[PDB]
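*Asks:* Can you keep this structure in mind? I'll have questions shortly.
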Amino acid sequence: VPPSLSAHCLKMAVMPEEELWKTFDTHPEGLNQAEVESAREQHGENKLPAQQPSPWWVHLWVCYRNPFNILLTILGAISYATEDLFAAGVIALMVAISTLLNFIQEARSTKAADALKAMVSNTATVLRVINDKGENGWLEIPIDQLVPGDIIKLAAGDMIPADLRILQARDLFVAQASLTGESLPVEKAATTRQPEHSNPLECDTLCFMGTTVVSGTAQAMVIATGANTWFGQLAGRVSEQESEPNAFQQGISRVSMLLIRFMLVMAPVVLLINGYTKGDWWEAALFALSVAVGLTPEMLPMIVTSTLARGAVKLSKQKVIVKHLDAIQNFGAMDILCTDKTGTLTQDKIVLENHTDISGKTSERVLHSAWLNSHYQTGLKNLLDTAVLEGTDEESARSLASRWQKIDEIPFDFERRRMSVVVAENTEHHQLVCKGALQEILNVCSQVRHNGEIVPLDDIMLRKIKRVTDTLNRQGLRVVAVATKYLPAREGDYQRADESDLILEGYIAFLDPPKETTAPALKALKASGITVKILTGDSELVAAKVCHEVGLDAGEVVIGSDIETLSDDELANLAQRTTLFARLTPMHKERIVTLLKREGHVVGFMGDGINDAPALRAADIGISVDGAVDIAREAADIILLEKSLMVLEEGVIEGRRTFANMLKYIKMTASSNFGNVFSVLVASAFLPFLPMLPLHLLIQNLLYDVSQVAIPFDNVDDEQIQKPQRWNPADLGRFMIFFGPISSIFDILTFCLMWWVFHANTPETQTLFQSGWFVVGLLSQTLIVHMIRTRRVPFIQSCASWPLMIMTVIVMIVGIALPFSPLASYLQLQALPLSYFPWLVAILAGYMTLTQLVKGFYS
Ligand SMILES: [Mg+2]
């Protein structure tokens with residue numbers, strides 16, 4: 001920070017507002033097109049939404065830094081060094097395919113996740129001159145067009161586009177955690193109320209760029225733009241913009257890290273045992289290359305990405321359009337679901353039930369009062385208005401339409417949460433009818449009609465009305481109170497201020513029948529381990545009653561007022577053991593989701609509201625609907641076609657299947673590779689030659705992975721997808737430790753069979769031995785898949801899908817017939833005598849039966 005720029009801000013904050021208009025050449029009405037153009041030409045332009053794009057060459061490097069590709073490149077270069085061009089070329093092709101696949105996937109991710117902030121859809125509210133004749137108005141212009149000395153208006157949830165001086169403010173609060181480091185918002189006043197000057201960042205009359213407005217409204221004037229902002233650049237995200245990678249790529253990286261760990265503790269050991277026993281350190285390093293390449297699945301990223309892609313494709317037919325590949329991983333493992341009640345628990349169809357007055361008696365004059373407000377409205381079509389319109393009879397409707405004529409209408413606004421319609425049956429007096437939320441109705445009503453008699457509205461009547469609508473809400477009934485007022489005829493236009501001293505004729509009640517499909521869906525969601533939570537903005541009574549029909553156990557309720565007082569940890573503790581949250585603002589939903597995220601649960605939020613998008617952004621997975629507002633869809637992570645918990649439940653089941661397959665392949669390949677590597681290690685000392693060469697091991701792995709291409713099409717047992725899928729190397733390591741030595745035992749048997757029975761006990765005839773262990777190693781690896789895929793019995797209690805069973809047969813045929821081919825010469829393999837095949841079959845059958853029997857010892 002420059003000291004010179006640290007004094008101009010203080011001077012402007014302490015400068016009188018009277019002289020501020022002339023200093024920046026700004027008028028109270030605003031800035032015209034010519035004035036704005038001159039200011040832009042002279043001072044410059046503000047921070048443009050455009051940012052530095054990632055070059056094609058630069059993106060390839062970050063697309064390559066992942067540890068798996070580094071390990072593969074190291075192995076390929078080493079194989080090139082040790083006079084092995086074929087293996088090095090194959091490894092190079094594998095790493096190139098991996099890089100291209102990661103490239104296309106990362107381009108898709110960048111399309112899905114361009115940056116932390118779009119900075120393009122963000123605009124600013126400026127006065128300007130819309131009519132160009134001094135009429136002015138309100139415009140939504142990009143922040144880049146904000147010139148210095150421009151009058152702007154601030155509202156809650158709007159980030160500061162540039163440095164501004166507060167001219168007028170009404171309870172304006174700004175979160176300056178980025179600049180000042182304080183999370184607590186600092187109130188901003190029109191005049192500097194701070195006693196001590198010389199603190200430009202702490203000045204209450206100055207707001208800097210990069211900060212947001214927590215609450216309140218204000219009208220400030222821009223003082224700096226472009227590089228003149230105290231933030232400086234605030235847009236130099238040229239490189240390392242996506243510091244956090246996909247959780248999917250993170251999973252692949254940690255899986256590769258486990259195997260790298262195993263290599264770094266096993267390859268040196270082999271180098272020692274064979275290399276000290278014999279003394280040929282070149283062959284010792286060749287053994288080290290063999291063990292290092294033994295456990296390194298070549299197409300691990302290819303198979304995992306294929307599995308996730310197939311999951312995403314088959315979810316598309318289940319009305320679950322998943323945006324990103326990574327989203328499936330979080331979708332399977334999700335265990336807490338936070339949804340609003342309207343549209344998921346209850347169908348959005350809203351029928352009308354009852355015509356009660358303040359006394360609760362069924363009164364039809366309340367329907368007469370309500371019908372005019374709905375019919376004589378010219379605003380946006382309302383489904384509730386059509387409901388109350390249908391509620392009334394046709395003859396009475398025609399009589400009312402003939403008797404009354406529309407005069408004026410008050411549009412519905414969130415500030416008052418009410419809408420009023422002015423109608424008149426004659427030219428002497430006019431009748432104003434207003435409907436809305438109950439509390440806002442009593443706030444504007446001073447008298448009520450009790451049993452058809454006008455009575456002053458005292459406190460006892462307020463309490464009795466509160467009790468009766470409390471009973472209505474406990475029934476599950478959305479109460480809407482209707483108010484009427486008689487005023488003399490006038491030529492003026494009625495405004496929101498005219499809704500005062502009205503007479504509350506009665507209350508109308510509406511109910512939402514819960515979806516017929518939602519009860520089994522909620523019963524099944526708990527059968528999948530998913531805990532359903534309701535974060536609803538409606539009344540606590542209505543939500544509690546709604547939870548009863550569906551079958552969800554409301555238990556004790558939590559009101560959004562209480563959660564405001566609590567801190568992060570206590571609120572997280574409360575939210576862990578509570579199911580329903582009511583009377584919630586969007587920030588409350590975001591905070592509750594973030595606090596639920598802490599303990600490790602993968603929390604997903606489902607919403608289709610305009611203000612619901614930040615909750616979608618915060619959660620581990622944001623589920624929205626195609627029929628929602630566009631911004632929510634762009635901020636989501638799964639856009640299912642229609643709001644239904646049955647569709648989401650089936651989507652979760654399929655997203656668990658995709659995870660079970662993707663993890664099952666990892667465990668199978670890791671265990672088999674570790675078994676082969678262990679066998680190489682234990683027999684490294686005794687064999688004067690390599691058990692199997694790297695070119696032999698690499699081809700075996702490639703063919704096994706080709707047989708692993710059908711894994712995404714496998715049939716997952718219902719036991720696997722019955723709980724959230726967790727991914728941790730702690731269990732992968734012990735699975736490898738258990739299921740490696742079982743393979744190593746039979747590989748030792750194969751070593752002994754070659755050494756003694758077939759007399760391949762001389763380094764001049766190592767090819768028969770090396771070739772011989774290759775056929776059995778490649779056959780057993782693919783054959784053990786059917787034994788170890790399922791905890792239950794291998795063929796009579798749980799079978800495998802056709803693609804998997806087939807590809808296994810094809811790879812077996814390729815492996816057996818590979819030595820009997822011209823390709824044997826280039827692969828350093830040779831033909832095998834017919835006496836081998838019965839021994840091969842015996843070894844494979846023994847390995848299968850043994851492994852199936854031992855299998856029960858995991859638990
Ligand atoms: Mg093996």
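Taken together, the values in this text are just the output of simple stated rules run on the coordinates, not laboratory data. Virtual Cβ from ideal backbone geometry, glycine too; neighbours counted across all protein chains shown.
*Asks:* Toward the positive end of the charge dipole of the chain, about the Cα centre and with charges on Cβ (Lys, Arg +1; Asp, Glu -1), which of 423, 253, 844 goes farthest?
*Replies:* Value: 844.
*Asks:* Can you give the net charge of the other residues whose Cβ lies under 14 Å from the Cβ of residue 98, counting K and R as +1 and D and E as -1?
*Replies:* Within the 14 Å Cβ shell, the charges total -2.
*Asks:* Could I ask something else about it? Could you list 409, 19 in order of exposure, starting from the residue whose Cβ has the fewest other Cβ atoms within 10 Å? Let's see the in-between values first.
*Replies:* Numbers: 409 18, 19 9.
Fewest-to-most Cβ neighbours within 10 Å comes out as 19, 409.
*Asks:* Largest first and to the nearest Å, give the Cα extent of the range 541-686 along each principal axis.
*Replies:* Projected onto its principal axes, the Cα set of the range 541-686 covers 77, 36, 31 Å.
*Asks:* For the range 351-511, what does the equivalent ellipsoid look like in terms of its semi-axes, each the square root of 5 times an eigenvalue of the Cα gyration tensor, given largest first in whole Å?
*Replies:* Ellipsoid half-lengths, sorted descending, are 23, 19, 15 Å.
*Asks:* Can you sort 826, 376, 704 from fewest to most other Cβ atoms within 10 Å of each residue's own Cβ?
*Replies:* In order of increasing Cβ crowding within 10 Å: 826, 376, 704.
*Asks:* In the chain, what percentage of the DSSP-assigned beta bridges are antiparallel, given to the nearest 5? Mind showing how you got there, number by number?
*Replies:* Working: 64 of 86 bridges.
Of the beta bridges lying entirely in the chain, close to 75 percent run antiparallel.
*Asks:* Ignoring everything except DSSP H segments at least 4 long, calculate the 222 nm mean residue ellipticity for the chain; use -39,500 (n - 2.57) per segment, divide by total residues, nearest 500.
*Replies:* After summing the helix terms and dividing by residue count, I get -14500 deg cm²/dmol.
*Asks:* Here's another thing I want to ask about it. Given a Förster radius of 25 Å and the C-beta distance between residue 748 and residue 816 as r, what FRET efficiency does 1/(1 + (r/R0)^6) yield to the nearest 0.05?
*Replies:* That gives a FRET efficiency of 0.70.
*Asks:* Among 629, 586, 575, which residue has its Cα positioned farthest towards the positive end of the charge dipole of the range 553-658, with +1 placed on the Cβ of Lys and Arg, -1 on the Cβ of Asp and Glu, and the dipole taken about the Cα centre?
*Replies:* With unit charges placed on the Cβ atoms, the residue in question is 575.
*Asks:* Let me ask something additional. Quick one: check the C-alpha center-to-center distance for the range 678-741 versus the range 345-424, whole angstrom.
*Replies:* 70 Å
*Asks:* Could you tell me the distance between the Cα centroids of the range 1-51 and the range 90-169, to the nearest Å?
*Replies:* If you average the Cα positions of each part, the centres end up 21 Å apart.
*Asks:* A further question on this structure: When the convex hull of the Cα atoms of the chain is projected onto a plane and the area is averaged over all directions, what value comes out in nm²? Show your work: numbers first, answer last.
*Replies:* Details: hull surface 191.1 nm².
Over every viewing direction, the Cα hull of the chain projects on average to 47.8 nm².
*Asks:* May I ask you to list the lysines whose Cα is less than 16 Å away from that of residue 22, ignoring any residue fewer than eight positions away on the same chain?
*Replies:* 11
*Asks:* Here is a follow-up. Give the relative contact order (percent, whole number) for the chain; include only Cα pairs under 8 Å separated by 6+ residues.
*Replies:* So the answer I get is 11 percent.
*Asks:* Test of understanding: ordering 314, 381, 188 by Cβ neighbours within 10 Å, fewest first, what list do you get?
*Replies:* 381, 314, 188
*Asks:* Another question about this same structure. Please give the residues of the range 122-162, grouped as numeric ranges, whose backbone N is less than 18 Å from a label point set 7 Å along the Cα-to-Cβ vector of residue 29.
*Replies:* Answer for this model: 126-139, 150-152.
*Asks:* Label-point separation (nm) for residue 103 and residue 467, each offset 7 Å from Cα along Cα-to-Cβ?
*Replies:* A separation of 7.7 nm, rounded to one decimal place.
*Asks:* Which of the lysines could a cross-linker span from residue 361 if the Cα-Cα distance has to be under 21 Å and same-chain partners fewer than 8 positions apart are dropped?
*Replies:* In chain and number order, the partners are 435, 464, 466.
*Asks:* Per 0.36 nm of contour for each residue apart, how much would the distance between residue 852 and residue 58 grow if the chain were fully extended, relative to their Cα-Cα spacing?
*Replies:* Working: separation 794, 0.36 × 794 = 285.84 nm, distance 4.96 nm.
Gain in length upon complete extension: 280.9 nm.
*Asks:* Extension gain residue 487-residue 501, at 0.36 nm per residue separation less the Cα-Cα distance, in nm?
*Replies:* Length difference between fully extended and current span is 4.0 nm.
*Asks:* Right, another one. Applying a 10 Å radius around every beta-carbon, put 274-285, 558-569, 322-333 in order of their mean neighbour count, most first.
*Replies:* Averaged packing, sorted descending, gives the order 322-333, 274-285, 558-569.
*Asks:* Also, I was wondering about something else. With +1 assigned to the C-beta of every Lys and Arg and -1 to the C-beta of every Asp and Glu, and no other charges, what is the dipole magnitude of the range 82-158 about the Cα centre in debye, to the nearest 20?
*Replies:* Roughly 280 debye, rounded to the nearest 20.
*Asks:* List the residues whose amide H sits under 5 Å from the amide H of residue 506, counting only those 5 or more places along or on another chain, with H placed 1.01 Å from N in the peptide plane.
*Replies:* It is 482, by chain and number.
*Asks:* Could you check what % of the DSSP bridge pairs in the range 351-511 are antiparallel, to the nearest 5? Show your work: numbers first, answer last.
*Replies:* Numbers: 36 of 39 bridges.
For the range 351-511, the DSSP antiparallel bridge percentage is about 90.
*Asks:* Going down the list 533/589; 349/589; 526/855, which pairs span over 20 Å between their C-alpha atoms?
*Replies:* 349/589; 526/855
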